[PDB]
Amino acid sequence: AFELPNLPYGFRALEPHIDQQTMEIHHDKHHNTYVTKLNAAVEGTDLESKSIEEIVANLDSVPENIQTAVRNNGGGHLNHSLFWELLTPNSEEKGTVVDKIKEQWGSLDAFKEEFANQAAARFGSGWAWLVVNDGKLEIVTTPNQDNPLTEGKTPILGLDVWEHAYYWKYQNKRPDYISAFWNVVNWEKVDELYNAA
Amino acid sequence: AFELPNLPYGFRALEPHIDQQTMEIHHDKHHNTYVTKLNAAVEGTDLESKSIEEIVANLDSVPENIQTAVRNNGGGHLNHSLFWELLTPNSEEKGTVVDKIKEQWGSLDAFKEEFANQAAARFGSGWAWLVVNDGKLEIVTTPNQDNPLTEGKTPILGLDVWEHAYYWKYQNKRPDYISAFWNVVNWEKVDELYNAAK
Ligand SMILES: [Mn+2]
Ligand SMILES: [Mn+2]
C-alpha cells in the first residue's frame with residue numbers, strides 16, 4: 001500500500017526560499033494524512049493494484065462510494081509526491097524544458113511572469129502547473145488536489161498554493177512565495193517528467 | 001464605499017479558542033484585501049452603493065467583466081462581516097435558534113456533531129453554515145468565498161474553514177478548531193439573523 005515518501009533532502013535544505021517549519025509539517029502531517037486516508041479508501045478494493053498516476057488519470061472509473069475520498073486524498077498523494085522531487089537545494093535553470101520555454105514564451109522570465117499571474121489568480125486552495133497537452137506546453141491551475149492528468153494533460157512542474165504551503169513565512173503574500181519558488185525548482189526532474197510524456 | 005468593519009471586541013477576546021495573532025492578521029490583512037479589491041472591482045457601476053447582501057444574492061446579474069472579482073471579494077467581505085459579529089467572549093447556549101435546533105436535531109451537541117462533520121468534510125478552502133431554507137434549518141458548506149444567499153438560503157451562523165482561520169494555533173487539525181469555535185458563538189447574533197430571515 002501507499003507510503004509517505006521521504007524528502008530527498010533534509011527539512012532545512014530549501015532555506016531561505018521554503019522555511020524548515022513548513023517543510024516538516026507539510027511532509028510529515030499533511031502528506032501523511034493524504035496517504036492514511038487514501039489507504040483507508042483503497043484497501044479492500046481492486047484499487048490496491050494500481051499506481052496513483054493510473055487512479056488519478058481515471059478518477060471517473062472509481063466507484064462513487066469512494067470517488068471523492070480517492071480524488072481528494074489520491075490527488076493529494078500524487079501532487080506532493082511530484083512536489084518533493086521538483087524541489088532541490090541545487091536548482092539550475094538549464095535543460096530540455098528550459099530551452100522549450102524560451103522558444104515558446106520568448107524567455108524564461110516571460111514564462112515565470114505568466115506562471116506567477118495564474119498561480120496568484122488561483123482563488124482558494126490549489127496548484128499551478130506546467131503541463132504537456134498534445135505534446136505542447138501549457139500553464140494551467142487546478143482547485144484543491146485535482147491534477148491535470150484527470151484531463152489527459154501531463155504535469156512536469158507543480159506549485160502548491162494551499163495556504164499551508166506558505167502561511168508560516170509568507171502569510172497572505174502568495175506572490176513573494178511564488179518568487180522564492182524559482183530558486184528551488186528541480187529542472188532536472190522537470191526534464192525527466194517531460195521526457196516521460 | 002464598502003468599508004472594513006471594526007471588531008466589536010479586542011484581538012485577545014476569543015483566547016484561548018482563537019489566537020490574537022490570527023484575529024489581527026485575519027481582520028487587518030485578509031478581510032482588508034477583500035474590501036480593497038471589491039471597491040476596485042465595482043468602480044463606475046451601480047454595485048458601488050448596493051448592499052453586499054443584495055450583490056451576493058444576485059451574482060448572476062453582475063456583468064461578466066467583474067463577476068469573478070465580485071463573487072470572490074464581495075463574498076469575502078460579506079462572509080467576514082457576518083463572522084466577526086457571530087463571535088463573542090460572552091457566548092451563552094440559549095435563545096430562539098438553540099430551541100429550534102433542539103426540536104430538530106434532538107439536542108444542541110447532536111447539532112454540533114452534524115455541523116462539525118460537514119465543516120470537517122469541506123475539502124480545500126470554504127465555509128460551514130447554518131441557513132434558513134424556506135423557513136427550515138439546514139447545515140451547508142460552500143467553497144472559497146461562496147455564500148448561501150446566492151442559492152436563496154439565508155445564513156444565520158458561519159464558520160471560516162480556510163487554513164488561514166486556524167493554521168497558527170491548530171495547523172492541520174481543523175476538527176480541534178471546530179470544537180473550540182462553540183466556546184465563542186454569539187447565539188444572540190444568530191437569533192437576530194434568524195429573525196431578519198423569518
Ligand atoms: Mn500541500
Ligand atoms: Mn477568512
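Per chain, numbering begins at 1; letters A, B, ... match sequence-line order. When reading the values below, keep in mind they use all heavy atoms of this one structure, side chains included, and skip hydrogens, waters and symmetry mates. Just so you know, ligand 1 is whichever comes first in the structure, and atom 1 is the first atom listed for that ligand.
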Nearby protein N/O/S atoms (those under 2.8 Å) for the Mn ion (ligand 2), with water ignored
B/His26 NE2, B/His80 NE2, B/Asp160 OD2, B/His164 NE2

Where the side chain of B/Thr150 meets the backbone of B/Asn147, is there a donor-acceptor pair that is under 3.5 Å apart?
yes

The side-chain contact (heavy atoms from CB on, under 4.5 Å) partners of B/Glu192 (sequence neighbours excluded) come to B/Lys189

Just jot down the ring pair (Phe, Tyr, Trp, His ring centres under 6.0 Å) partners of B/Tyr194, sequence neighbours excluded, or say none.
none

Out of A/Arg71, A/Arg122, A/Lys153, which residue meets the salt bridge (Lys or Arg N to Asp or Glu O under 4.0 Å) rule with A/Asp146?
A/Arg71

Considering only distance and modelled atom types, tabulate donor-acceptor pairs under 3.5 Å from the side chains of residues 16-26 of chain A, sequence neighbours left out.
residue : atom : partner  : partner atom : Å
A/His17 : ND1  : A/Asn183 : ND2          : 3.4
A/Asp19 : OD2  : A/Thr22  : N            : 3.2
A/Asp19 : OD2  : A/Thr22  : OG1          : 2.8
A/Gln20 : OE1  : A/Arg12  : NE           : 3.0
A/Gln20 : OE1  : A/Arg12  : NH2          : 3.2
A/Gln20 : NE2  : A/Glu15  : OE1          : 3.4
A/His26 : NE2  : A/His80  : NE2          : 3.0
A/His26 : NE2  : A/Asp160 : OD2          : 2.7
A/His26 : NE2  : A/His164 : NE2          : 2.9

Ring centroid separation A/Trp162 to A/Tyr177 under 6.0 Å:
no

